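Engineer: When you get a sec, could you give me coordinates for this:
(one chain, ligands or ions: 1)
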Amino acid sequence: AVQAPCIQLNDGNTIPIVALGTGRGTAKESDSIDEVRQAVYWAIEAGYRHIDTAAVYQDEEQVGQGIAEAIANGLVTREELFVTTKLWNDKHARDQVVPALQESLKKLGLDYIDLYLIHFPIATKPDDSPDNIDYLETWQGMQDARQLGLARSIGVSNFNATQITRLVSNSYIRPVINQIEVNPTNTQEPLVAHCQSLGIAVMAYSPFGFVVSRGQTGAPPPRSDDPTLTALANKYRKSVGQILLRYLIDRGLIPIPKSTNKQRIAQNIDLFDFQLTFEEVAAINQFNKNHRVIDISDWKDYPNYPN
Ligand SMILES: NC(=O)c1ccc[n+]([C@@H]2O[C@H](COP(=O)([O-])OP(=O)(O)OC[C@H]3O[C@@H](n4cnc5c(N)ncnc54)[C@H](OP(=O)(O)O)[C@@H]3O)[C@@H](O)[C@H]2O)c1
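Structural biologist: Residues are numbered from 1 along each chain as shown. Sharing the structure here:
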């Protein structure tokens, strides 16, 4: 239906600039994990060519099922898809990185991943107890996975500006991407600017912020009926969700909208027949509260906590 354009990464690889999210943080009680397989299929059918997943989501198998069905039914070939997955926090020793990737690949039914990310800069033991492995060591394992051909590109997630600078100064290849939370109430303007200045593209997770339900009360504005958002939706004949995603696109970001609904999946990639003005982007930036949807504060005292 709609194929998203690409950003060309610092290693030459091209990445589609909308990714389907497959994290399960928003999944309701009535939502079984097979809906991820169906969502992946529907997304590809609707023109998506980029899927974001992670070992820790425990749904790589479903993602792989959806990919396999899309390929078998002739929607796409493997080389037309861009699959992103992530190394979990208990696999940070250098020698664990390649085997962890091979495990992800087996679950996904793939021979290579397009993008492998360090999920967080924190290292833990398998029981979530803190460890102190330097993410520079983990990055050497990432460099190895790339040299072996198992990952076409390598990047990071949840790295702050100091960590990005240290990683860049102390490695031979810098990340292609930093995947971080970006939405109207957590706009991360300085970190985005820092990454972009270094040629590191940004993937924006939890792109809908608190405009969608997070199973909490006391969420910060804007609501879905916020007058600024609904005026924008009306102006461009788009939904509020599309406005929120286009905002991220106009900041040069790769949003990762999660949906398991056929219609919303299709809406969430239909972002390329309009654009926001600089004043509109500035207005949305004014909602910033540095209030994260993804709260990892139980890890605040861990080595390399990024927030
Ligand atoms: N540490 C990390 O690197 C990290 C952290 C968080 C997330 N992520 C990634 O980023 C993805 C997105 O973040 P997220 O899972 O927090 O969710 P999100 O994409 O911010 O929000 C998803 C929610 O919005 C709803 N929705 C989707 N499209 C909509 C639309 N057009 N209009 C109204 N509602 C809409 C969804 O419902 P329906 O499903 O019913 O449509 C769901 O409840 C994750 O799935 C994951 O891939 C990565």
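Engineer: How about the residues of this structure by the ligand?
Structural biologist: 21-23, 25-26, 52, 157-158, 179, 205-208, 212, 239, 241, 256-261, 264, 267-268, 293-294 (C-beta under 6 Å from any ligand atom). Just so you know, the C-beta spots here come from the backbone N, C-alpha and C atoms, and that holds for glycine as well.
Engineer: which of these are buried?
Structural biologist: The neighbour-count test (16 or more other C-beta atoms under 10 Å) applied to the residues of the chain next to the ligand identifies 21-23, 26, 52, 157-158, 179, 205-208, 212, 239, 241, 256-260, 264, 267-268, 293 as buried.
Engineer: State the helix or strand in which the residue in the stretch 201-307 of the chain that the ligand sits nearest to lies.
Structural biologist: For the stretch 201-307 of the chain and the ligand, the shortest gap (C-beta to the nearest ligand atom) falls at residue 241, measuring 2.7 Å. Residue 241 belongs to helix 240-250 when elements are defined using DSSP states H and E.
Engineer: residues making contact with that helix?
Structural biologist: With C-beta atoms under 8 Å, 6 or more residues apart in numbering as the test, helix 240-250 has contacts from 17-18, 182-184, 204, 207-209, 211, 224, 226, 229-230, 232-233, 236, 238, 254-255, 257, 264, 267-268, 270-271, 274-276, 280-281, 284.
Engineer: Figure out how far stretch 8-26 is from the centre of its chain.
Structural biologist: Between the centre of stretch 8-26 and the centre of its chain there are 6 Å (C-alpha atoms, centre = their mean, to the nearest Å).
Engineer: Just the CA atoms of that stretch, as PDB, please.
Structural biologist: In PDB, the C-alpha atoms belonging to stretch 8-26 read as follows (Å, rounded to 0.1, in the frame of the first residue of the first chain):
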ATOM      1  CA  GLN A   8      20.800   5.900   4.300                       C
ATOM      2  CA  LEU A   9      22.900   4.800   7.400                       C
ATOM      3  CA  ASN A  10      26.600   5.700   8.000                       C
ATOM      4  CA  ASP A  11      27.600   2.200   6.800                       C
ATOM      5  CA  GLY A  12      25.700   2.600   3.500                       C
ATOM      6  CA  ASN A  13      22.700   0.400   4.400                       C
ATOM      7  CA  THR A  14      19.300   1.800   3.800                       C
ATOM      8  CA  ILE A  15      16.600   1.600   6.400                       C
ATOM      9  CA  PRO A  16      12.900   2.200   6.000                       C
ATOM     10  CA  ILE A  17      11.900   5.100   8.200                       C
ATOM     11  CA  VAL A  18       8.800   3.600   9.700                       C
ATOM     12  CA  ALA A  19       9.100   0.300  11.800                       C
ATOM     13  CA  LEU A  20       6.400  -1.900  13.200                       C
ATOM     14  CA  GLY A  21       6.800  -2.200  16.900                       C
ATOM     15  CA  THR A  22       6.400  -5.600  18.400                       C
ATOM     16  CA  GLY A  23       6.900  -4.900  22.100                       C
ATOM     17  CA  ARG A  24       4.100  -6.000  24.300                       C
ATOM     18  CA  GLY A  25       4.000  -3.200  26.900                       C
ATOM     19  CA  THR A  26       0.600  -2.100  25.600                       C
END
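Engineer: Just say helix, strand or coil for residue 84.
Structural biologist: Secondary structure, DSSP: H, G, I helix; E, B strand; the rest coil: residue 84 is strand.
Engineer: Please name the residues that touch it.
Structural biologist: 19, 50, 51, 52, 53, 113, 114, 115, 116, 117, 203.
Engineer: For those residues, which single residue is the most surrounded?
Structural biologist: residue 19 (30 neighbours; other C-beta atoms under 10 Å).
Engineer: Surely that one is in contact with residue 255?
Structural biologist: Yes. Contact between residue 19 and residue 255 holds when scored by C-beta atoms under 8 Å: they sit 7.4 Å apart.
Engineer: hey, what's in contact with both of the two?
Structural biologist: With C-beta under 8 Å, 6+ apart as the test, residue 19 and residue 255 both reach residue 203.
Engineer: thinking again about what came up before, derive a ChimeraX selection command for the buried subset of the contacts of helix 240-250.
Structural biologist: Here is the ChimeraX command that picks out the buried ones among the contacts of helix 240-250, judged by 16+ other C-beta under 10 Å:
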select :17,18,182,183,184,204,207,208,209,211,229,230,232,233,236,238,254,255,257,264,267,268,270,271,276,280,281,284
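Engineer: Show me what counts as buried in stretch 168-183.
Structural biologist: 171, 173, 174, 175, 176, 177, 178, 179, 180, 181, 182, 183.
Engineer: Let's verify the second one: helix, strand, or coil?
Structural biologist: With three-state DSSP as the basis, residue 173 sits in coil.
Engineer: what's the distance between it and residue 190?
Structural biologist: 24 Å (C-beta to C-beta, to the nearest Å).
Engineer: same thing with the last one?
Structural biologist: When distances are taken as C-beta to C-beta, residue 183 and residue 190 turn out to be 16 Å apart.
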